[PDB]
$ cat run-v1.cif   # mmCIF, C-alpha atoms
data_query
#
loop_
_atom_site.label_atom_id
_atom_site.label_comp_id
_atom_site.auth_asym_id
_atom_site.auth_seq_id
_atom_site.Cartn_x
_atom_site.Cartn_y
_atom_site.Cartn_z
CA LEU A 20 88.58 89.45 112.65
CA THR A 21 88.46 88.07 109.08
CA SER A 22 91.40 85.93 107.93
CA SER A 23 93.04 88.98 106.31
CA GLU A 24 92.82 90.87 109.63
CA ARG A 25 94.55 87.87 111.24
CA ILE A 26 97.29 88.11 108.58
CA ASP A 27 98.25 91.68 109.53
CA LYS A 28 97.90 90.95 113.27
CA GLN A 29 100.20 87.93 112.82
CA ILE A 30 102.96 90.00 111.19
CA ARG A 31 102.74 92.45 114.10
CA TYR A 32 104.18 89.52 116.07
CA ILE A 33 106.83 88.90 113.40
CA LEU A 34 108.29 92.39 114.00
CA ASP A 35 107.96 92.21 117.81
CA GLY A 36 110.32 89.26 117.45
CA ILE A 37 112.78 91.10 115.17
CA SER A 38 113.12 93.61 118.03
CA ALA A 39 114.68 90.93 120.19
CA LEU A 40 116.45 89.64 117.06
CA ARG A 41 117.86 93.05 116.08
CA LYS A 42 118.63 94.57 119.51
CA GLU A 43 121.40 92.15 120.50
CA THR A 44 122.56 91.94 116.89
CA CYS A 45 122.79 95.74 116.41
CA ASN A 46 124.85 95.82 119.64
CA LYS A 47 127.61 93.50 118.39
CA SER A 48 126.31 93.87 114.82
CA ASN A 49 129.67 95.11 113.49
CA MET A 50 127.34 97.20 111.25
CA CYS A 51 125.06 99.09 113.66
CA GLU A 52 126.43 101.60 116.19
CA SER A 53 129.50 99.33 116.28
CA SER A 54 133.20 100.29 116.01
CA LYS A 55 136.27 99.31 113.96
CA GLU A 56 134.04 99.61 110.86
CA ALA A 57 130.49 101.08 110.72
CA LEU A 58 131.11 101.41 106.96
CA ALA A 59 128.76 98.79 105.46
CA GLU A 60 125.35 99.23 103.82
CA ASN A 61 124.41 95.54 104.20
CA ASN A 62 123.28 94.10 100.85
CA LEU A 63 122.20 90.46 101.10
CA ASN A 64 120.77 88.68 98.04
CA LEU A 65 117.24 88.10 99.35
CA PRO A 66 114.16 89.43 97.51
CA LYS A 67 113.20 92.90 98.82
CA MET A 68 110.23 95.16 97.99
CA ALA A 69 110.77 98.31 95.88
CA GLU A 70 109.01 101.09 93.94
CA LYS A 71 108.47 98.53 91.16
CA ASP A 72 106.17 96.35 93.29
CA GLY A 73 103.81 99.31 93.82
CA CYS A 74 103.07 98.50 97.48
CA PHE A 75 103.01 102.18 98.51
CA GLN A 76 100.59 105.12 98.24
CA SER A 77 102.54 106.03 95.08
CA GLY A 78 101.16 103.24 92.87
CA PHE A 79 99.60 100.90 95.47
CA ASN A 80 98.97 97.39 94.09
CA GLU A 81 97.05 94.27 95.16
CA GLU A 82 97.87 91.12 93.16
CA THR A 83 101.48 92.21 92.52
CA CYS A 84 102.09 93.05 96.17
CA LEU A 85 100.44 89.91 97.59
CA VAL A 86 102.54 87.91 95.11
CA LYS A 87 105.83 89.36 96.40
CA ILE A 88 104.50 88.37 99.86
CA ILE A 89 104.25 84.67 98.92
CA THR A 90 107.40 84.77 96.79
CA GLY A 91 108.91 86.95 99.57
CA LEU A 92 108.12 84.73 102.58
CA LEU A 93 109.69 81.61 101.01
CA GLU A 94 113.15 83.13 100.47
CA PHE A 95 112.69 84.91 103.80
CA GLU A 96 112.13 81.40 105.18
CA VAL A 97 115.71 80.33 104.35
CA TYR A 98 116.95 83.52 106.07
CA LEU A 99 114.62 82.56 108.94
CA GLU A 100 116.66 79.38 109.24
CA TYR A 101 119.53 81.82 109.68
CA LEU A 102 117.90 83.43 112.70
CA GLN A 103 116.16 80.18 113.74
CA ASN A 104 119.18 78.90 115.69
CA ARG A 105 122.04 81.40 115.32
CA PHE A 106 120.48 83.23 118.29
CA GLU A 107 121.62 80.77 120.99
CA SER A 108 121.16 83.60 123.52
CA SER A 109 117.64 84.58 122.49
CA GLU A 110 116.84 81.24 120.81
CA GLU A 111 113.20 81.65 121.95
CA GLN A 112 112.76 85.09 120.32
CA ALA A 113 114.26 83.68 117.10
CA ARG A 114 111.64 80.91 117.14
CA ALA A 115 108.94 83.52 117.88
CA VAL A 116 109.64 85.47 114.66
CA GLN A 117 110.02 82.40 112.41
CA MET A 118 107.04 80.50 113.87
CA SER A 119 104.54 83.34 113.32
CA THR A 120 106.36 84.39 110.13
CA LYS A 121 105.46 80.87 108.90
CA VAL A 122 101.85 81.26 110.04
CA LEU A 123 101.65 84.05 107.43
CA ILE A 124 103.02 81.73 104.73
CA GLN A 125 100.10 79.32 105.27
CA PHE A 126 97.29 81.72 106.28
CA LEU A 127 98.31 83.64 103.13
CA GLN A 128 98.34 80.61 100.79
CA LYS A 129 94.66 79.85 101.58
CA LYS A 130 93.60 83.45 102.35
CA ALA A 131 95.13 84.55 99.03
CA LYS A 132 92.12 83.27 97.03
CA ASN A 133 92.64 83.84 93.29
CA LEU A 134 96.38 83.94 93.98
CA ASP A 135 99.06 82.41 96.23
CA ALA A 136 100.89 79.16 95.39
CA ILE A 137 103.85 81.09 94.08
CA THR A 138 105.93 77.93 94.62
CA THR A 139 109.50 78.57 95.74
CA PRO A 140 112.14 79.88 93.30
CA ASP A 141 115.76 79.12 94.19
CA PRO A 142 114.92 76.32 96.69
CA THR A 143 117.86 73.93 96.35
CA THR A 144 119.91 76.95 95.34
CA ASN A 145 118.74 78.53 98.62
CA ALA A 146 120.40 75.54 100.33
CA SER A 147 123.74 76.89 99.10
CA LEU A 148 122.71 80.48 99.88
CA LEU A 149 122.32 79.23 103.45
CA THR A 150 125.64 77.37 103.21
CA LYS A 151 127.07 80.60 101.70
CA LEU A 152 125.82 83.28 104.12
CA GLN A 153 127.39 81.20 106.88
CA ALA A 154 130.45 80.30 104.74
CA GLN A 155 131.29 83.94 103.93
CA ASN A 156 133.86 85.82 106.03
CA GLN A 157 133.06 86.98 109.58
CA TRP A 158 132.27 90.38 108.00
CA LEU A 159 129.58 89.28 105.51
CA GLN A 160 128.39 86.85 108.21
CA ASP A 161 127.71 89.63 110.73
CA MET A 162 125.88 91.60 108.02
CA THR A 163 123.65 88.65 107.02
CA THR A 164 121.68 88.62 110.30
CA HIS A 165 121.50 92.44 110.22
CA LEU A 166 120.10 93.07 106.70
CA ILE A 167 117.66 90.15 107.16
CA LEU A 168 116.17 91.84 110.24
CA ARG A 169 116.10 95.05 108.16
CA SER A 170 113.81 93.47 105.56
CA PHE A 171 111.49 91.90 108.12
CA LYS A 172 111.02 95.29 109.81
CA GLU A 173 110.41 97.24 106.57
CA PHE A 174 109.43 94.46 104.09
CA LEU A 175 106.79 92.95 106.44
CA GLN A 176 105.70 96.50 107.45
CA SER A 177 104.58 97.28 103.87
CA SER A 178 102.91 93.85 103.86
CA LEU A 179 100.65 95.08 106.68
CA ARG A 180 99.66 98.34 104.94
CA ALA A 181 99.19 96.34 101.71
CA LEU A 182 96.71 93.82 103.12
CA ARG A 183 94.92 96.68 104.91
CA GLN A 184 94.76 98.90 101.81
CA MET A 185 93.57 95.96 99.69
#
$ encode --input "run-v1.cif" --output "structure tokens"
Amino acid sequence: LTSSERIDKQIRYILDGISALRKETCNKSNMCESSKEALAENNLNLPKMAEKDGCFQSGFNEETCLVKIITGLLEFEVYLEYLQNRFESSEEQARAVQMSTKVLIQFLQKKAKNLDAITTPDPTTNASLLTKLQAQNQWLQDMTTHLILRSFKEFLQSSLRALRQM
């Protein structure tokens, strides 16, 4: 189990957590099988993967994908703060997705030889983005937790097939 194999196996835990962090949310998600609305596409302002990164069979990458993983786990970290306490009912599951999700931030920094150390863009500004996702209206507040869990599921998913295809 080389370090890279431990990276993918560690994200498998990150998603297993999002299941407990997206099952109760989707229920009263006001944006997932909910009522009185169900008309929102959820568009946070976090960094998400895309066809430009090239982390798919159609233009797979290696240094560009891994980069978005470092630069992607830092911003994700602020959103982890979002789910690292807001889940007072499943507080443990919230700490299970952020804890391991952080283990990838470190295991990646050192296991990303010839790369990593992307720093953290929008750090102090992320402090307001955290004071803004929670300061928005109840509507944009119920979508914040949702979309974030939507990136972890997909976003991290591609991260697994990217470190395995590398």
$ resolve_selection --input "run-v1.cif" --expression "the PyMOL selection byres ((chain A and resi 105) around 12)" --output "PyMOL selection string"
chain A and resi 40+43-44+98-104+106-114+152-153+160-161+163-164
$ atom_distance --input "run-v1.cif" --atom1 "CA of residue 83 in chain A" --atom2 "CA of residue 25 in chain A"
20.4 Å
$ residues_near_point --input "run-v1.cif" --point "(103.6, 88.6, 116.5)" --cutoff "12 Å" --atoms "only C-alpha atoms" --output "VMD selection string"
chain A and resid 25 to 39 112 to 123 171 175
$ closest_residue --input "run-v1.cif" --among "A:172, A:42, A:183, A:165" --to "residue 61 in chain A" --atoms "all atoms listed in the file"
A:165
$ resolve_selection --input "run-v1.cif" --expression "the PyMOL selection byres ((chain A and resi 131-135) around 12)" --output "PyMOL selection string"
chain A and resi 22-23+26+81-93+123-130+136-139+182+185
$ atom_distance --input "run-v1.cif" --atom1 "CA of residue 74 in chain A" --atom2 "CA of residue 181 in chain A"
6.1 Å
$ closest_residue --input "run-v1.cif" --among "A:95, A:24, A:54, A:140" --to "residue 168 in chain A" --atoms "only C-alpha atoms"
A:95
$ atom_distance --input "run-v1.cif" --atom1 "CA of residue 52 in chain A" --atom2 "CA of residue 166 in chain A"
14.2 Å
$ closest_residue --input "run-v1.cif" --among "A:158, A:177, A:151, A:69" --to "residue 48 in chain A" --atoms "all atoms listed in the file"
A:158
$ closest_residue --input "run-v1.cif" --among "A:70, A:162, A:155, A:75" --to "residue 47 in chain A" --atoms "only C-alpha atoms"
A:162
$ residues_around --input "run-v1.cif" --residues "residue 141 in chain A" --least-positions-apart "6" --cutoff "10 Å" --atoms "only C-alpha atoms" --output "ChimeraX atom specification"
/A:93-94,147-148
$ closest_residue --input "run-v1.cif" --among "A:20, A:159, A:154, A:97" --to "residue 59 in chain A" --atoms "all atoms listed in the file"
A:159
$ residues_around --input "run-v1.cif" --residues "residue 60 in chain A" --least-positions-apart "2" --cutoff "8 Å" --atoms "all atoms listed in the file" --output "VMD selection string"
chain A and resid 50 58 62
$ axis_aligned_box --input "run-v1.cif" --around "range 86-99 of chain A" --padding-each-side "5 Å" --output "AutoDock Vina command-line options"
--center_x 109.7 --center_y 84.8 --center_z 102.0 --size_x 24.4 --size_y 19.0 --size_z 23.8
$ decode --input "run-v1.cif" --residues "range 148-159 of chain A" --atoms "N, CA, C and O atoms" --output "short mmCIF file (atom, residue, chain, number, x, y, z; two decimals), in the first residue's frame"
data_model
loop_
_atom_site.label_atom_id
_atom_site.label_comp_id
_atom_site.auth_asym_id
_atom_site.auth_seq_id
_atom_site.Cartn_x
_atom_site.Cartn_y
_atom_site.Cartn_z
N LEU A 148 -15.95 34.39 3.64
CA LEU A 148 -16.79 33.43 2.88
C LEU A 148 -17.44 32.48 3.89
O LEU A 148 -18.48 31.93 3.65
N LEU A 149 -16.82 32.31 5.02
CA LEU A 149 -17.42 31.42 6.05
C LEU A 149 -18.40 32.28 6.84
O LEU A 149 -19.45 31.82 7.26
N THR A 150 -18.09 33.54 7.00
CA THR A 150 -19.01 34.45 7.71
C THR A 150 -20.07 34.94 6.71
O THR A 150 -20.94 35.73 7.04
N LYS A 151 -20.01 34.48 5.48
CA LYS A 151 -21.00 34.91 4.46
C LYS A 151 -21.94 33.74 4.15
O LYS A 151 -23.12 33.93 3.99
N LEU A 152 -21.43 32.54 4.07
CA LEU A 152 -22.32 31.38 3.79
C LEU A 152 -23.30 31.28 4.95
O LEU A 152 -24.46 30.96 4.77
N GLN A 153 -22.83 31.56 6.13
CA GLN A 153 -23.72 31.49 7.31
C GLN A 153 -24.49 32.80 7.49
O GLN A 153 -25.49 32.86 8.19
N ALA A 154 -24.05 33.86 6.86
CA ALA A 154 -24.76 35.17 7.01
C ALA A 154 -25.81 35.32 5.91
O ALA A 154 -26.66 36.19 5.98
N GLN A 155 -25.77 34.50 4.90
CA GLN A 155 -26.78 34.62 3.81
C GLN A 155 -28.18 34.36 4.37
O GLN A 155 -28.36 34.20 5.56
N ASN A 156 -29.16 34.29 3.52
CA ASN A 156 -30.54 34.03 4.01
C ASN A 156 -30.69 32.54 4.32
O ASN A 156 -29.83 31.75 4.01
N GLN A 157 -31.77 32.16 4.94
CA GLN A 157 -31.97 30.72 5.26
C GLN A 157 -31.92 29.90 3.97
O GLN A 157 -31.56 28.74 3.97
N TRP A 158 -32.30 30.49 2.88
CA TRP A 158 -32.29 29.76 1.57
C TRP A 158 -30.85 29.43 1.18
O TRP A 158 -30.46 28.28 1.10
N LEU A 159 -30.05 30.43 0.92
CA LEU A 159 -28.64 30.19 0.52
C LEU A 159 -27.89 29.45 1.63
O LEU A 159 -26.84 28.87 1.41
#
